[PDB]
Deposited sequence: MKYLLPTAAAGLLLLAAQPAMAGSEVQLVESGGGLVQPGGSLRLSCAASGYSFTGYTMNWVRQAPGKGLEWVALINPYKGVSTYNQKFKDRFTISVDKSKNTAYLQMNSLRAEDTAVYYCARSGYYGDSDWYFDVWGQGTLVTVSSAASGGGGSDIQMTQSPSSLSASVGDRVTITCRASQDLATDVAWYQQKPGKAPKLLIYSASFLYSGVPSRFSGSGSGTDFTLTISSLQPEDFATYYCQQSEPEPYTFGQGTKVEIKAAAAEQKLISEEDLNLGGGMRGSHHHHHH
């Protein structure tokens, strides 16, 4: 059985470096070309680079030619991807995939590894639920959980599709001017709540909590309130 196993991923700060490895077994490692392919969260597949040890060739996606380095060690049956100057945009699952033999003329990816997770991040606000369905007149409750104590330094925003966000609640529980009284906020420390006591047709939108204490003033991922 032909098999590929990636490893070496992890959580790294931006500007850092990572070296992914791709170990092969069950075939002649030297003759085939090895590819790297990555997939950012919620995005499609993107080819990164290739190397064929026997031909002595390496080819990169021009998007990564300067920052990434592909290499092999035939004695270990292992290919490598050295990634430098890591950006948050490099957060993705990284796969190695086997291509064609040097004697053959068709280059499809027939054997894939399981993938290795790479996350480029500075490490705060977790919003729940991600989406919900309700009816007019319902009472809706949305929660926002912070990784650190925020006292009451939390804001809530409403954003209808194709529109700009609007301030709803400032300082955890205070109603911004012009905001209807059916909106209520509460909580302090790390758990915060937005409540819509009587849902109206104009309330179906996405709601965001926001840490206002220091930069980068993280927003929660949002809660989408849809019509049932």
{"item": "Missing C-alpha runs, given along the deposited sequence, first residue counted as 1", "value": "1-24, 148-156, 262-290"}
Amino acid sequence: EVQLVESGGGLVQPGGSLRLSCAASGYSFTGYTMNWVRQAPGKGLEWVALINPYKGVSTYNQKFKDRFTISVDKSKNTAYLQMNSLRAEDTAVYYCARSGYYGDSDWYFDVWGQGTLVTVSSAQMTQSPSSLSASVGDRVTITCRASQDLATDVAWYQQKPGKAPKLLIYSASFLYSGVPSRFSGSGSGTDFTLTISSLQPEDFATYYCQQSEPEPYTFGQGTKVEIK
From here on, numbers count along this sequence of modelled residues.
{"property": "Given 91-99 and 72-80, the range whose Cα B-factors average higher in the PDB entry", "result": "72-80"}
{"property": "Of 60-68 and 189-197, the stretch whose C-alpha atoms average the higher B-factor in the entry", "result": "60-68"}
{"property": "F29, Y176, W36, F183, ranked by C-alpha B-factor: the highest one", "result": "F29"}
{"property": "Largest Cα B-factor, entry values, listed residues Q148, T119, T141, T126", "result": "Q148"}
{"property": "Among modelled residues of the same chain, the CA temperature factor third for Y108", "result": "highest"}
{"property": "Within-chain third of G220 by Cα B-factor, per the entry", "result": "lowest"}
{"property": "Third assignment of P41 from its chain's C-alpha B-factors", "result": "middle"}
{"property": "Third of the chain's Cα B-factor distribution that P165 belongs to, per the entry", "result": "lowest"}
{"property": "B-factor third for the C-alpha atom of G10 within its chain", "result": "lowest"}
